[PDB]
Amino acid sequence: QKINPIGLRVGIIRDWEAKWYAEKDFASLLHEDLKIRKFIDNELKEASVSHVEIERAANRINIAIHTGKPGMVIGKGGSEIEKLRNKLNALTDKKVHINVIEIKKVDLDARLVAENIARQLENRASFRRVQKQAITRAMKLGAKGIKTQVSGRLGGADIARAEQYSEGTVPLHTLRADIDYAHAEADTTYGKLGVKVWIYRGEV
Amino acid sequence: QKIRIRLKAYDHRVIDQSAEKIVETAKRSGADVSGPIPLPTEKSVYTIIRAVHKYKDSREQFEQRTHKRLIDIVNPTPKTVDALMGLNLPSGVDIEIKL
Amino acid sequence: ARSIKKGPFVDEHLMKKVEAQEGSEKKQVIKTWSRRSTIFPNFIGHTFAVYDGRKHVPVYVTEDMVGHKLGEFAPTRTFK
Amino acid sequence: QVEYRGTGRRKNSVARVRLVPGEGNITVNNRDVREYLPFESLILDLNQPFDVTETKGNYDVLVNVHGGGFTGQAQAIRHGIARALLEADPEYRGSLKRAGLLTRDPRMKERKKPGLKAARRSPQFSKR
Amino acid sequence: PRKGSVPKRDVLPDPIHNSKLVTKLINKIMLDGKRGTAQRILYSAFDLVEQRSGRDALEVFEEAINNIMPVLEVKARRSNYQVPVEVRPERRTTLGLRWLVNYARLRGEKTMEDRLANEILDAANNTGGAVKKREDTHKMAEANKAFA
Amino acid sequence: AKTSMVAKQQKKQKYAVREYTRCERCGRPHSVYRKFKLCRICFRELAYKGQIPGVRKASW
Amino acid sequence: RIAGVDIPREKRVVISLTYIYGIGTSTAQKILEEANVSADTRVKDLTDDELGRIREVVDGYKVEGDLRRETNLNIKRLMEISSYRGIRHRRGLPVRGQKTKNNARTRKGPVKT
RNA sequence: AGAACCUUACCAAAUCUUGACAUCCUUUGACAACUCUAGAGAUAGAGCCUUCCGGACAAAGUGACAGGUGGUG
RNA sequence: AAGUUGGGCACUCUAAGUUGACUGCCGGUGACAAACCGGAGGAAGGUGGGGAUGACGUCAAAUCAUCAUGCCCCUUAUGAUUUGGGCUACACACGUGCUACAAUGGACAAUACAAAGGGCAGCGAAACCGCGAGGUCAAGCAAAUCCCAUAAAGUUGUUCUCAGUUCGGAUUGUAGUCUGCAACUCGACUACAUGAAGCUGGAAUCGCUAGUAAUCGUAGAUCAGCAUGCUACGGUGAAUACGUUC
Ligand SMILES: [Zn+2]
């Protein structure tokens, strides 16, 4: 019923996560990127991998991993980054160059907050306290607005419902607004619990 | 004695900046450039059924627009050719050179 | 296929099976699933058990049956 | 020479219209107007700006027109003629504006909406 | 549920006769946008009536419309009764042309030009189907004259 | 889609006309675009995520 | 009367020829041109020699009873061989692979509610 | 947003039981693009025979396992 | 022959950056307002036209058959491979459409004017072969260049002359073309021949306020082949709105 804000804003004030051009092997390149992203997500679950950007030029693949824990991905001796690069080169015939971008405030990143709340739900925390503290810390860190929602079999009840908490401004109809949105799923013993988070850090 | 450069990109911003960069490089290398010439943009429209099941009457319309830019180099020089071949454009834009 | 420049279609296995025992007058019944095979003059006087979906309907080939497909004499659907 | 150039647009029809001192003859794409346009109503619409400005027969018109159909091209030519008369004499601005001939008719063909047979026509509805 | 009244369109005069009424009659006759067919049909009908009457086509057509144009109609109001009410001049022209064309299309002639010519001639003589329609409208308005 | 069905689509067909397209992300056989090799649903999801270069919501 | 069937006196010659079974507009035109007769001329206002030439051209076109008998023989052959087309002819259903769930009236007759 | 085969789940017949498909464990090196016989085909039987980097990738057996467009919107 | 090329970038056009409409300005109203009515200029005047964008919630509304998943069930079978069938059945009822019932028309002859799209082993010109669907060879083109691709309705003439017809083109026979391995179940198209119902549709019921309705064609996705469907494009182009009691 509500348009995905990322989908609404892509190409207006938000750039694509895949930056390249093709005319003949568009499908091959797209699915190469998809499998690369799936591999990165499966391999860096523990790391706070906010997102990944993929570009390609001169038969090379530039990967930019925006994460909140660059130490885990790089490694103390830079061994983890080299291992990831080698695995990606093995998977894809092309040559891959990987960069890591630090996120200073992981609590203002929609995806990181969504994954954190989903992890707490899997650990069987309180679906109300988790959202309350998440919104509190996001708001105290200077966010102009934040909205959190969790839906499913909340406390294990037979009847599934959804609950949300807001604070500040989340103008989903403003196309100017740079609203970050994320959805995550917790695999609780009762089933899938869907968490959604919207963050609006203000005009930029 | 002309050299054609065809740039194609999904973003008019990136295509314009790349065209300006290559024009500046050619002018620095000395050759004379006529352009940039903006060729018509090619827009491909995709119509998807919004719902996963039934609900034929609700659709969503996406588009892919590729902008096209043309550059003509009139007085080529080895320096101009070397500079053009060594210049690195952003990954978004696709460049084709016809000598 | 249908176009004249291409010869009338017929399964190679079916054609060779029919050609087998051509000299002998004790021609037997040929089980076939090839509803798509064309009927050549060579088939006249033969008995083909043609699969119609669940069972092989026997069909006896005569001169007037030349040019039709083996499926035209093995109905697939049942009504009343 | 003494050419008065102008451009007119209507629907998808663009007409480059030149006015020269003449006897009132109009040539469109190297063809006579009364042969190019299937109806005399279109010719009268073309002449309408001349009637308003009160300079009927004082100019010969040369038209390079493409796009649209015959009515669209006729009205694009009329717009071009009005603009050319403006260029020739600014004193005709009041008369042309009062006649409403300087306005570029903004009406275009509305897009088709998804889920509808046409721009507005919707599928036949049937309760039950 | 309506903010107000919308501006009305203004058609151009007939190219040969220079008559807004002739232009509007052409628009009425036109079907599926075949403006040319409408124009040729109307001009042929005008020529036929001119030939058969020896009088100006515009004059006879004006007489016909004057004969088939109503003055009163019966519009329901409410406890609910139809009330006679004067007809606006533009409703007069609209109804005259509409009835003229509608009852022309029902005539027994072979071609629409013949049908329209005969209908305008009968209306000018005050003995046509459109005339009958106007007469019925006027008498029922008189019948309900009390409620005015 | 069924895993066996996807495997059979991926495997080589003895004939050549017997080849059909499936969405390579989920396996849906219907409404699969050639340019992306994706079904409409996966296409919409990835366009929303912004992972299809140059594919943005259209309006005109 | 050409080919043993009377043809409309009023009609033009070609349109009257079409009334002969097995004659269609293309073959009426071919016959009329082979036998040099004007298309405009009506059959009633037609020369005896012209009529004779028309008959001579027509006789070799395999029309009327011969054509009807040939078609009936073909239909009987396909019925007798027990073909799918023959079975559908016998049952009065569409023969050329139409759908009978709906829209089969031209073969099934009027609706039997 | 494309039912002659495929799509295709439903049905008849012919068929397989670590399996059409994923990883792991044992062991081998070519695993085979090509051909020929029976087959409606899957398949099976003869050829053959060429390809492979600590070590690639691929096959023979068994078990963890796989598989389900099966049910509950 | 041809913007065909020499020559030009004036005009059109393409597309980046900008100007542009904001109740800005002037009259009356109005509570010193907010707003309304009119006028000027202006391509556009009062959110200009159209799109995207759909609040808290309702219907335990739809989807375990896109995908994912709690729980249950089968594991030499509810799993799996293959040839054939079925999904196209047919006494029938309903919805949505295409073509018609004709003279504002049918046939034939000549002759104008668009937009938006697609093309790699794909789009396929020219020519020649056939009545035609198409075939032979083969030019141009990874595109503002070549091709799909000549728009049709339209205009101007000849003819028919009010009827189941020169309307209509369903059904059927014969002869073919193409794609595909293969068109019987079960593809499209062409030629010859046949020539069904149908003479404007009961109760009832639907869409639309302008470049709209109606009408005419054009292109694309899916696709080896197959469109009256869907999604887009333009050509011609109406009638009407008194008004808000129902
Ligand atoms: Zn998918």
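Chain letters run A, B, ... following the sequence lines, proteins first, then strands; residues in each count from 1. The figures here come from the full heavy-atom set of this structure, side chains too, leaving out hydrogens, waters and symmetry mates.
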Please step through side-chain hydrogen bond (donor to acceptor under 3.5 Å, both in side chains) for the pair G:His89 and G:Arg85, ending with a clear verdict.
-> CA-CA 6 Å; G:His89 278 282; G:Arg85 300 163 64 190; 5.4 Å; no
Tell whether [X] reaches the base of [N] with its side chain through a donor-acceptor pair below 3.5 angstrom.
{"X": "D:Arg121", "N": "I:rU212", "result": "no"}
{"X": "E:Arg88", "N": "I:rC242", "result": "no"}
{"X": "D:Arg16", "N": "I:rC11", "result": "yes"}

Please classify the nucleic acid contact of [X] as base, sugar-phosphate, or nothing, using heavy-atom distances under 4.0 Å.
{"X": "A:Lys24", "result": "sugar-phosphate"}
{"X": "G:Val63", "result": "nothing"}
{"X": "E:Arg77", "result": "base"}

In whole angstroms, how far is the [atom2] atom of [N] from the [atom1] atom of [X]?
{"X": "C:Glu12", "N": "H:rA38", "atom1": "CD", "atom2": "P", "result": "11 Å"}
{"X": "E:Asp32", "N": "I:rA239", "atom1": "CG", "atom2": "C1'", "result": "14 Å"}
{"X": "A:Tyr190", "N": "I:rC72", "atom1": "OH", "atom2": "P", "result": "15 Å"}
{"X": "C:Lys6", "N": "I:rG134", "atom1": "NZ", "atom2": "P", "result": "15 Å"}
{"X": "G:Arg85", "N": "I:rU171", "atom1": "CZ", "atom2": "P", "result": "15 Å"}
{"X": "D:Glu110", "N": "I:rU209", "atom1": "CD", "atom2": "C1'", "result": "12 Å"}
{"X": "C:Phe9", "N": "H:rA4", "atom1": "CZ", "atom2": "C1'", "result": "13 Å"}
{"X": "B:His53", "N": "I:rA68", "atom1": "NE2", "atom2": "P", "result": "18 Å"}

For C:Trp33 and H:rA40, are the ring centres under 5.5 Å apart with planes inclined under 30°?
-> yes
Give a yes/no verdict on base stacking between I:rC181 and F:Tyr15: centres under 5.5 Å, planes within less than 30° of parallel.
-> yes
Do neighbours H:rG39 and H:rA40 have base six-rings closer than 5.5 Å at the centres and tilted less than 30° apart?
-> no
For I:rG164, which nucleotide in any strand shown is its Watson-Crick or wobble partner with both distances under 3.5 Å?
-> none
Could you let me know what I:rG154 is paired to, Watson-Crick or G-U wobble, both distances under 3.5 Å, or none if it's on its own?
-> I:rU111
Determine, stepwise, if the pair F:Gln13 / F:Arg18 fulfils side-chain hydrogen bond (donor to acceptor under 3.5 Å, both in side chains).
-> CA-CA 6 Å; F:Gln13 307 297 334; F:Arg18 192 166 293 183; 5.3 Å; no
Closest to the 5' end of RNA chain I, once E:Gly33 and E:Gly36 are matched to their nearest nucleotides, is E:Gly36
CZ-CZ distance between E:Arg35 and D:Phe39, expressed to the nearest 0.5 angstrom = 8.0 Å
Does H:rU37 carry a north or a south sugar when the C1'-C2'-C3'-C4' torsion is used to decide?
-> north
Could you classify I:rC67 for me, syn or anti, using a glycosidic angle within 90° of 0 as syn?
-> anti
